[PDB]
Amino acid sequence: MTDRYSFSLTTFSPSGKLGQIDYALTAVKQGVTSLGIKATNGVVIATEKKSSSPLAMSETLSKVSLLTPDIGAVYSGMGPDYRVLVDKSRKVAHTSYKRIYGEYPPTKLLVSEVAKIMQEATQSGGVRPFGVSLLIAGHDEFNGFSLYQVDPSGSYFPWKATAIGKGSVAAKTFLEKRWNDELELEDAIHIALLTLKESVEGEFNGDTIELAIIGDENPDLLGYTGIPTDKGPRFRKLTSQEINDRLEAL
Amino acid sequence: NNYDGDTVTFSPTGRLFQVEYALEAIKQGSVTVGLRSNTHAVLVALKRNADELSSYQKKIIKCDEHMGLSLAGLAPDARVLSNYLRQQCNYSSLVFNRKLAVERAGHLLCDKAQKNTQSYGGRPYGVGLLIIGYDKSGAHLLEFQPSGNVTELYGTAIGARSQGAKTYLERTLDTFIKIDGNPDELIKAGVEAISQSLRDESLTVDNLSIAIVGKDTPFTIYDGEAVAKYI
Amino acid sequence: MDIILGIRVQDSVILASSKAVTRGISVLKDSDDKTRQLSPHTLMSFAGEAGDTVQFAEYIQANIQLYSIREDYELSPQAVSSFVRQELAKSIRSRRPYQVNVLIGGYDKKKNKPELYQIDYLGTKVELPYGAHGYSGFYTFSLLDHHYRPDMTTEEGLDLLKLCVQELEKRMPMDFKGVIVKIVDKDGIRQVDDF
Amino acid sequence: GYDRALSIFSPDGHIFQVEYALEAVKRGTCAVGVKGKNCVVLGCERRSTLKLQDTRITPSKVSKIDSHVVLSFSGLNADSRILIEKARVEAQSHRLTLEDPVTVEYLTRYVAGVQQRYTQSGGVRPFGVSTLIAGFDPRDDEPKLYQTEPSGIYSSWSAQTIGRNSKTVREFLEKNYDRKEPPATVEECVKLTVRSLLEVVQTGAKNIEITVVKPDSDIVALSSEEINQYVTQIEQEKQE
Amino acid sequence: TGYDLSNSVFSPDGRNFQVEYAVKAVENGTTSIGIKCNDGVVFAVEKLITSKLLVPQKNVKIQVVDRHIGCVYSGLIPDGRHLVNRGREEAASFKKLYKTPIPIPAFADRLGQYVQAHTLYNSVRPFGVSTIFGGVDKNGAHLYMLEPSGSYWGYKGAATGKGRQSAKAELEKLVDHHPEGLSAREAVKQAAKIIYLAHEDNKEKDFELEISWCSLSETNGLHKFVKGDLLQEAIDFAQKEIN
Amino acid sequence: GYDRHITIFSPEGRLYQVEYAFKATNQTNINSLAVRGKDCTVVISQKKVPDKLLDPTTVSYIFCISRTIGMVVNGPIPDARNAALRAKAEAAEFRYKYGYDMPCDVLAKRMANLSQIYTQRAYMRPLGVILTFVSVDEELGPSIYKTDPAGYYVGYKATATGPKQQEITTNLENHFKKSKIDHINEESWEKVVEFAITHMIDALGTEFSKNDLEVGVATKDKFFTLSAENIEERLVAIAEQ
Amino acid sequence: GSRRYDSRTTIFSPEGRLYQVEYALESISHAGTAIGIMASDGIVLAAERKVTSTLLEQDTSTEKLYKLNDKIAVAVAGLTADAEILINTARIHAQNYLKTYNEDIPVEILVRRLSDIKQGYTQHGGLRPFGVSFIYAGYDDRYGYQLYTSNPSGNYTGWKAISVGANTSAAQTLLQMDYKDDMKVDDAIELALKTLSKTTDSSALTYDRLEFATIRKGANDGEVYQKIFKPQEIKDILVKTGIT
Amino acid sequence: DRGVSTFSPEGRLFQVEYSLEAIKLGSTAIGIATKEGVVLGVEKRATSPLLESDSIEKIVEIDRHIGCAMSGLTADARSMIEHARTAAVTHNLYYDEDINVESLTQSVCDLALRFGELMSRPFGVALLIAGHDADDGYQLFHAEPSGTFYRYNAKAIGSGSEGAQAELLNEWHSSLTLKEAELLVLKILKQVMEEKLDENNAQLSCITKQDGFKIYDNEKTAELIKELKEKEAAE
Amino acid sequence: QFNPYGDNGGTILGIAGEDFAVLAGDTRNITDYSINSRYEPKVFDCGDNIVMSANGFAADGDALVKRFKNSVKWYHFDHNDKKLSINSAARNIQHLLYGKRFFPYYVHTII
């Protein structure tokens with residue numbers, strides 16, 4: 001018994017390609033489209049909630065996840081792989097940062113730690129790479145707002161705006177026409193909804209769309225008062241009702 | 001064919017070829033015989049040399065004062081398995097002041113050989129053993145196969161052309177089982193038994209190996225001029 | 001063990017180290033050299049627990065020599081002293097700590113300057129114009145506070161050192177059988193045979 | 001832990017991973033050792049497809065294991081650093097416990113033992129390196145030259161070469177080296193070494209390294225000009 | 001293909017061919033059975049007499065676990081001993097921690113999980129045995145049969161080996177003809193009849209019969225081998241029925 | 001093509017071993033169904049005992065994981081029990097560590113996470129099972145959460161699993177289209193059980209005796225399975241209407 | 001067992017080459033070019049970003065050029081994720097040396113240890129090698145300015161000017177042509193940018209597809225300064241040499 | 001590929017069998033046992049004339065009363081010798097006595113099968129172990145990578161073995177003098193060797209109760225070579 | 001605090017002649033001021049004509065004799081039934097004792 005697979009399952013082919021990483025990106029291509037847009041005073045990350053059955057309660061399945069009060073994640077590719085990556089990501093923001101410095105990590109560094117975890121699934125013994133591309137949006141005092149893409153390889157790139165998954169090629173082109181460096185958060189949400197409609201086929205409402213923002217501090221979502229320096233999470237998930245309000249003035 | 005790479009693989013008809021291939025090494029081995037009465041148990045072994053300049057590979061090993069065995073196949077594997085038996089016999093003596101029952105000795109060997117047939121990286125033991133002993137329930141003879149199968153018998157033989165001696169003992173069963181209180185006669189029967197497995201070669205003085213254990217006889221081995229009596 | 005002294009002057013570091021090895025009511029040796037050469041321009045003296053001293057000294061010596069052979073280069077006295085401090089600082093929380101007190105006298109060839117470091121078993125490092133370990137300090141520090149000048153010649157240093165040995169031979173309870181004096185300068189390490 | 005037996009016997013009785021490790025040696029740059037009456041000289045080829053090199057900082061081909069022994073090699077460069085490091089650590093450990101520096105034979109026996117260990121350990125491949133180890137035993141003036149190879153075998157040589165085209169230079173040394181009369185001086189020994197490399201090298205410019213070890217830790221590396229003088233002198237005697 | 005070359009690999013069907021191959025090893029083995037009764041269980045097995053040289057009564061195949069459970073198996077005999085050795089370790093640790101002797105369903109899952117574990121990795125081989133086992137606990141009698149896959153169920157009657165179908169047919173008749181229940185002493189006899197009837201599928205070599213039982217009234221809830229007068233009585237009953 | 005033997009990606013980004021483990025799911029040829037009432041969550045599953053020698057009381061694919069959580073399995077019984085023992089242990093540890101009973105959805109997530117690991121780690125095969133967890137959560141109320149060999153999991157209004165799952169699924173979809181609500185608007189669990197059997201009968205097109213079925217019922221503070229006579233009592237009630 | 005699926009990453013070809021190292025180098029040859037040039041008064045690092053998208057955030061980005069300590073930096077060609085693993089090891093190693101000896105780590109010592117780690121992945125453990133080639137640019141008071149390169153084999157060498165990644169063959173020829181020893185930093189900056197411009201697989205070299213850095217003694221007296229160029233500074237230096 | 005400890009269909013271990021082929025490529029080593037002593041001789045076989053032949057070390061001391069010769073992958077023998085020496089000395093430390101030659105040989109053979117998936121492969125070298133003890137007198141043992149050892153009155157191993165062994169079958173008798181054995185080893189080595197035998201490419205050694213194990217000088221063996229050539233010409 | 005040692009009293013005596021040797025010991029076994037046994041033998045025949053006594057703390061005495069007896073057994077198994085000479089027995093017993101140098105067998109040993 002015991003894990004006898006102590007050797008790499010991802011190895012270089014004569015042409016130079018890393019087969020499993022390529023194939024993982026192929027899985028990400030098949031995945032449902034998700035996107036991220038960076039405004040001046042916030043970031044929006046969105047995706048379609050592909051329901052597996054109408055008897056399923058798609059609210060119980062969250063594609064957009066809070067990592068820290070100021071960082072949120074969304075993905076394209078394999079759900080289960082994403083879910084465990086979120087668990088691991090949330091923990092590493094504590095163990096390797098909060099438990100040391102008494103504050104939450106800046107986006108680029110949390111992103112860096114997730115990319116490490118995904119890199120190791122590319123080199124370590126007896127594991128396949130993760131079959132997901134992440135879009136991580138967040139805020140921190142000294143870098144402001146930022147948006148990152150983490151690929152199966154472990155590579156991460158900062159974006160003004162981008163999409164990943166099914167209809168990413170068309171969505172990116174759409175985002176290039178509409179993005180400028182003066183976009184306000186509400187203008188970014190409006191473009192996010194427009195861009196998503198192109199890649200969504202069936203119902204397009206607040207129950208089939210999942211969308212969150214990194215913006216102002218939300219003191220009402222803090223759960224307590226009395227500490228002036230603690231002002232609340234900048235990560236917020238838009239409600240099904242809040243989406244439909246914006247779909248009328250679309 | 002495609003299913004003989006290792007012991008951990010079953011063939012489509014439910015065979016373990018590595019275990020069968022281990023069994024084959026025994027078949028190439030030099031013939032050894034085992035038989036018993038109600039008072040004594042006797043091993044007889046034909047020893048094999050490399051050429052006329054070499055010694056004759058010893059086939060019989062003592063385990064305790066009341067137990068021992070003979071081997072046919074890979075001799076280093078017999079050394080491992082005997083050494084294990086020596087410890088097991090020894091443990092029983094030191095901890096319980098008890099002589100290890102020849103039956104338990106069989107069960108222990110079975111379970112040691114078995115583990116090497118179910119795991120990756122290992123191989124089956126490539127040797128067959130004939131264990132004789134005298135314990136609280138009298139004289140015994142066991143046959144060990146590296147498949148794990150241990151079998152208690154009145155008489156038997158393993159090795160090349162063992163079928164001759166095994167047939168002979170099957171015919172002689174009613175005679176030799178009642179050779180009680182007579183060591184030299186029980187040996188004679190075993191020496192005649194092994195003579196049914198000889199081809200072109202006959203039993204010489206540095207060729208024949210005999211062991212005996214019983215009621216008033218510690219497990220002792222006879223080589224050289226001490227077996228001349230029986231040729 | 002017992003008495004180890006060090007004086008840094010204008011152009012050199014001079015180390016004096018007692019020659020006695022006493023165990024119980026017997027002086028077993030009166031010519032013991034309580035020093036190791038770590039590199040061509042670095043010397044370390046040592047005093048403390050029996051066995052521990054020479055074992056630590058030679059362990060350090062092997063490491064510095066290994067470094068030398070790897071990089072084809074001599075570590076600075078500052079660098080060596082920091083390596084030695086860290087080893088002792090590790091040691092003090094071990095299951096059995098090295099009970100060794102060292103002085104390191106070196107000549108930095110890049111700086112063309114003598115340097116003297118005092119490090120105790122805890123790993124307490126200090127650069128000093130003059131140094132002492134054990135009870136010796138109680139007589140020599142005040143003496144050197146008075147007579148020492150920073151611009152002294154090697155010869156003046158040796159006369160200043162004679163004054164220290166003399167005081168110790170007058171007021172110290174034990175016979176330490178004199179000292180072995182060694183000089184560290186631009187030309188390396190050499191021993192004064194008549195002291 | 002990674003356990004795979006990578007070095008195993010083939011039906012004909014060869015250990016292919018050891019034998020392929022020899023091919024890596026055969027690909028490496030030529031190295032030659034020649035011992036005189038009172039010295040050993042290590043010569044090394046340096047390939048010239050690499051211009052724009054910085055020769056101050058680039059790893060030298062001949063390494064000092066201690067102040068009295070040197071090691072040159074042929075094969076995988078990265079591999080050789082692991083052997084050199086271990087050798088240098090053993091050198092200091094020997095001085096510590098025996099209170100005497102290593103003999104050249106001992107240091108070589110250690111290096112070869114390491115190499116051999118990598119031929120029947122699980123989860124490792126053999127070293128793609130053969131070494132020339134040269135020097136003088138403590139308080140001894142007799143020159144010592146040894147050679148090791150991936151299998152783990154080592155032996156003493158009056159003169160030996162390893163690397164690419166080593167068979168050509170070995171040929172040269174086999175007819176140009178007299179066992180009855182080894183190169184009586186440093187100059188003679190360096191020249192015979194430089195000559196043997198010139199059979200294989202190309203230009204005697206920045207292609208040849210020469211290191212001279214003499215008794216009592218007397219090791220020095222020759223500069224370009226010093227070596228170039230040997231190159232110049234040899235060619236003028238050749239036109240005859 | 002090549003799906004059958006490695007344990008724990010799913011075929012496109014969703015099958016583990018290596019287990020199915022282990023089942024072939026079981027089908028090759030001698031016949032063993034288990035009959036559940038009023039207040040207990042009865043086990044019996046066919047012992048092929050390969051040669052005259054085998055000592056009768058002296059190559060015992062039925063095994064006890066703890067003091068209240070009995071185990072018998074068909075296939076690779078060593079593999080069965082391994083499973084019992086574990087069974088004993090499991091039972092001992094249960095009795096150590098919880099004091100009470102291990103209940104049969106609890107004991108059944110211990111063996112089940114252990115055997116199931118040998119279908120999870122490619123570095124182990126599945127067990128080459130089907131094992132019939134059971135006993136009496138605080139909730140009465142239980143009989144089980146466990147297969148190489150790790151699958152096991154509770155049984156009224158159970159059979160495995162070369163004569164499993166013959167034996168199964170014979171078991172089903174008993175279940176139909178005795179809805180109220182079979183007595184322990186009756187079941188011992190029936191076991192002897194069935195082993196003799198299942199021997200038809202292995203009739204080259206003649207055989208030796210071995211029977212054991214656990215009964216709340218007859219053996220006081222403890223596992224005991226059927227020997228002497230009771231055994232010869234059961235043999236005779238069986239002999240009468242084949243003629 | 002060793003990419004089909006272990007859980008690494010194929011050129012098209014697929015995991016065949018995970019896919020084949022899904023096919024192992026239907027190897028038992030049993031269909032299961034879960035629905036929710038106001039106060040309860042009812043799960044039912046077919047019970048096929050082919051062999052006359054089997055003890056029918058020991059043939060079960062419904063498990064009591066904790067006092068509050070029940071789990072029905074679709075797939076081979078060895079893998080099914082493997083899952084059930086781990087679930088029990090996980091639910092027991094959660095309670096000891098965190099001071100309160102493990103929720104159905106959290107246990108589901110945890111088991112799904114374990115399943116995910118087998119899809120990423122090579123030495124461990126996936127279990128050829130689909131696990132349906134049921135309870136009446138003290139916070140979320142009646143709950144159905146379901147796990148598969150891919151490591152996927154999601155909550156349900158109702159659900160079905162097995163070879164003829166699509167027929168049952170649409171049958172349930174069509175009912176909830178009609179009723180316009182997320183659950184069975186019924187007071188007693190007895191009638192929710194009756195609804196479950198009624199709608200299984202219609203979708204499968206078969207009639208059931210008391211021994212053709214298996215029923216688990218989760219209520220507040222306990223999950224229990226029904227006896228043959230409890231089911232028979234329920235079958236009589238359906239027939240008399 | 002699992003033997004079946006073992007690639008055997010750390011074995012020799014019949015020709016005495018390491019398959020995986022060779023294939024990793026083949027992978028690196030498709031990564032964006034990076035150039036290092038050593039002048040007498042400093043070092044230039046120049047690297048081409050891999051085909052950029054217009055919506056990439058260019059200023060808060062780092063892909064090619066990383067800082068190991070205040071005196072040493074690296075240019076990266078290959079898998080970035082692999083490179084960061086190694087960069088973090090290198091960064092910790094530098095600090096260890098400083099904590100031990102109270103002196104900044106000599107460049108070669110750092111380069112050797114990082115190269116040694118790579119070597120290990122080619123000899124034992126059964127893991128794939130790091131698909132990375134580094135250009136090390138740094139300063140210490142022993143050798144002054146130094147360029148090095150290491151590759152997946154764990155072999156490292158010292159250079160006056162060197163390129164890694166794509167089109168090294170053409171790039172090296174060009175560097176060999178116009179490099180001379182008495183060169184200054186500003187001349188080297190030009191040579192670097194000119195070479196990339198001629199070897200690039202893009203249509204035209206622009207500020208958004210480059211990373212740039214210098215290591216000068218151009219601070220104030222006997223001390224070294226690392227300058228990782230901002231986007232606008234690359235835009236200006238590209239105009240100053242008349243490429244755009 | 002396939003497991004390192006795999007059986008062939010003929011019941012033999014592949015890797016052990018293949019290592020026996022490696023030994024057949026080795027240089028010839030011959031041992032003859034007499035009542036006056038055991039002689040061990042080997043062919044040095046220098047790969048090139050520049051190689052200093054006296055650095056070729058294929059005859060080795062294990063203890064004062066035990067010596068050893070080798071053939072095959074000789075680099076594999078170093079750890080076997082290291083073990084043998086430690087086994088010998090250790091036994092003297094534990095029991096204040098010399099260790100029996102057979103006990104030594106059994107100890108070395110215990111390493112042999114300690115390979116698999118312990119070391120990665122069997123040894124690729126065969127050993128001739130020659131010694132003396134008070135119980136069984138002068139002994140010669142052939143130790144194989146199989147883990148098997150046979151006692152021999154005489155034995156050749158290596159490339160020239162089957163031819164040399166056939167010669168040893170004719171020449172050996174129970175009354176050979178030490179001198180007779182010395183000459184016989186030289187004679188048979190000369191026969192199977194490629195290059196012409198002399199004091200530089202062949203080596204002799206012996207173990208006697210009185211003087212223990214001794215490797216002969218090149219001067220001593222040269223005279224035995226000369227004595228041999230003169231004796232063959234003398235009839 | 002638990003004291004792992006005790007004193008079982010008694011005394012032993014060994015004398016050697018030209019072709020013989022005697023090893024004597026009283027048979028009394030005690031703890032404190034009580035008698036445990038009037039006849040408890042502590043002189044033993046260990047095979048190969050070696051007699052041995054380990055006197056002091058009987059539990060350590062018995063443990064040592066038990067180990068040495070077992071040593072004699074294995075000596076035979078490992079060295080072709082060779083007789084263990086008294087000088088070799090002595091050297092073996094030294095290692096048996098010194099092996100517990102930092103938790104000693106509390107006995108005077110005579111063979």
Side-chain angles (χ1 to χ4, degrees), chain B residues 50 76, chain D residues 5 7-10 12-19 109 112-113 115-121 126 148-155, chain H residues 4 13-31 40-45 47 55-62 66-87 104-115 118-130 140-150 152 155-162 164-165 203 205:
Chain D
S7 306
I8 56 164
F9 290 99
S10 279
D12 58 343
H14 292 137
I15 313 174
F16 284 149
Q17 275 294 122
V18 173
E19 267 158 44
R109 166 157 39 97
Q115 283 177 281
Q116 193 286 135
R117 216 183 310 120
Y118 280 60
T119 66
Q120 65 180 328
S121 294
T148 76
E149 72 190 51
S151 68
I153 61 174
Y154 69 104
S155 49
Chain H
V4 165
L13 298 169
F14 283 110
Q15 286 286 122
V16 174
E17 292 296 288
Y18 300 164
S19 61
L20 269 26
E21 292 303 329
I23 296 162
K24 289 181 199 173
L25 296 166
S27 64
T28 308
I30 295 167
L40 252 42
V42 299
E43 163 197 6
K44 289 198 183 181
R45 190 198 279 170
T47 54
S55 73
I56 305 168
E57 189 190 348
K58 288 172 187 178
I59 306 175
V60 148
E61 187 185 342
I62 296 186
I66 293 171
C68 179
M70 63 193 77
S71 180
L73 296 168
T74 54
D76 283 16
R78 300 299 149 211
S79 58
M80 299 182 83
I81 299 304
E82 169 54 16
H83 178 96
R85 285 167 169 174
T86 307
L104 192 274
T105 311
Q106 177 63 264
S107 193
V108 173
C109 287
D110 281 348
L111 286 176
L113 288 188
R114 263 200 269 286
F115 70 98
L118 43 76
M119 62 206 175
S120 83
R121 52 172 187 80
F123 297 118
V125 60
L127 298 183
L128 292 175
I129 292 165
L140 174 72
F141 286 102
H142 175 219
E144 284 177 306
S146 54
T148 310
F149 60 105
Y150 274 98
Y152 275 97
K155 179 62 170 171
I157 47 166
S159 48
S161 64
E162 93 184 52
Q165 187 68 4
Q203 190 167 249
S205 74

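Numbered from 1 within each chain, the chains take letters A, B, ... in sequence-line order. Because only heavy atoms are used, hydrogens play no part in the values below, and waters and symmetry mates are left out as well, while side chains stay in.
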[atom1]-[atom2] distance between [X] and [Y], expressed to the nearest 0.5 angstrom:
X: D:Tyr154; Y: H:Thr74; atom1: OH; atom2: OG1; result: 9.5 Å
X: H:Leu73; Y: D:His14; atom1: CG; atom2: NE2; result: 9.0 Å
X: H:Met80; Y: H:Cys109; atom1: CE; atom2: SG; result: 7.0 Å
X: D:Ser10; Y: H:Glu21; atom1: OG; atom2: CD; result: 11.5 Å
X: H:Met70; Y: H:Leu40; atom1: CE; atom2: CG; result: 10.0 Å
X: H:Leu20; Y: H:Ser146; atom1: CG; atom2: OG; result: 6.5 Å

Practice prompt. Check for a donor-acceptor pair, side chain of H:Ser71 on one end and backbone N or O of H:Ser27 on the other, with a separation under 3.5 Å.
Written response: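 At least one qualifying donor-acceptor pair exists.
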Worksheet item: Is D:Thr148 reaching over with its side chain to a backbone N or O of D:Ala112, donor-acceptor style, under 3.5 angstrom?
Response: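 Looks like no, no N/O pair under 3.5 Å.
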Fill in: Partner set under side-chain hydrogen bond (donor to acceptor under 3.5 Å, both in side chains) for H:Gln165, not counting sequence neighbours
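For H:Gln165, the residues satisfying side-chain hydrogen bond (donor to acceptor under 3.5 Å, both in side chains) (neighbours in sequence not counted) are B:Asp51.
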Quick check: closest heavy atoms across [X] and [Y], and the distance to 0.1 Å?
X: H:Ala77; Y: H:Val125; value: N-CG1, 3.9 Å
X: H:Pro145; Y: H:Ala112; value: O-CB, 3.5 Å
X: H:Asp76; Y: H:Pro122; value: OD2-O, 4.3 Å
X: H:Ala84; Y: H:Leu104; value: O-CD2, 3.4 Å
X: H:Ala156; Y: H:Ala164; value: CB-CB, 3.7 Å
X: H:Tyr152; Y: B:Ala50; value: OH-CB, 3.2 Å

Fill in: Trace of the side chain to side chain contact (heavy atoms under 4.5 Å, CB included) decision for H:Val108 with H:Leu127
CA-CA 10 Å; H:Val108 173; H:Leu127 298 183; 4.1 Å; yes
Worksheet item: After noting the C-alpha distance and the side-chain angles of H:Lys58 and H:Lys44, does the key distance pass the side chain to side chain contact (heavy atoms under 4.5 Å, CB included) rule?
Response: CA-CA 7 Å; H:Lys58 288 172 187 178; H:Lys44 289 198 183 181; 5.7 Å; no
Item to complete: Consider only side-chain N and O atoms of H:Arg45 and H:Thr28, and report whether a donor and an acceptor are under 3.5 Å apart.
Response: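 H:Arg45 vs H:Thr28: no donor-acceptor pair found between side chains.
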Item to complete: Output, in order, the C-alpha distance, side-chain angles, deciding distance and verdict of side chain to side chain contact (heavy atoms under 4.5 Å, CB included) for D:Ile15 and D:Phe9.
Response: CA-CA 5 Å; D:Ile15 313 174; D:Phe9 290 99; 4.0 Å; yes
Looking at residues at least two apart in the chain, or sitting in another chain, which of them share a side chain to side chain contact (heavy atoms under 4.5 Å, CB included) with [X]?
X: D:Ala5; value: D:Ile8, H:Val4, H:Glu117, H:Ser120
X: H:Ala126; value: H:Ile23, H:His142, H:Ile157
X: H:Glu57; value: H:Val60
X: H:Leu111; value: H:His83, H:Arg114, H:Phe123

Item to complete: Any chance you could lay out the side chain to side chain contact (heavy atoms under 4.5 Å, CB included) test for H:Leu113 and H:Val16, step after step, and finish with the verdict?
Response: CA-CA 9 Å; H:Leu113 288 188; H:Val16 174; 4.2 Å; yes
Worksheet item: salt bridge (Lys or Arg N to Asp or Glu O under 4.0 Å) with H:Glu82: which residues, sequence neighbours excluded?
Response: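 None.
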Worksheet item: Mind checking whether H:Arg121 and D:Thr119 have side chains closer than 4.5 Å, heavy atoms only?
Response: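 Yes, close enough: below the 4.5 Å cut-off.
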Practice prompt. Could you check if a side-chain atom of H:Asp110 sits within less than 4.5 angstrom of a side-chain atom of H:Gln106, using non-hydrogen atoms only?
Written response: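 Sidechains of H:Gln106 and H:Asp110: in contact.
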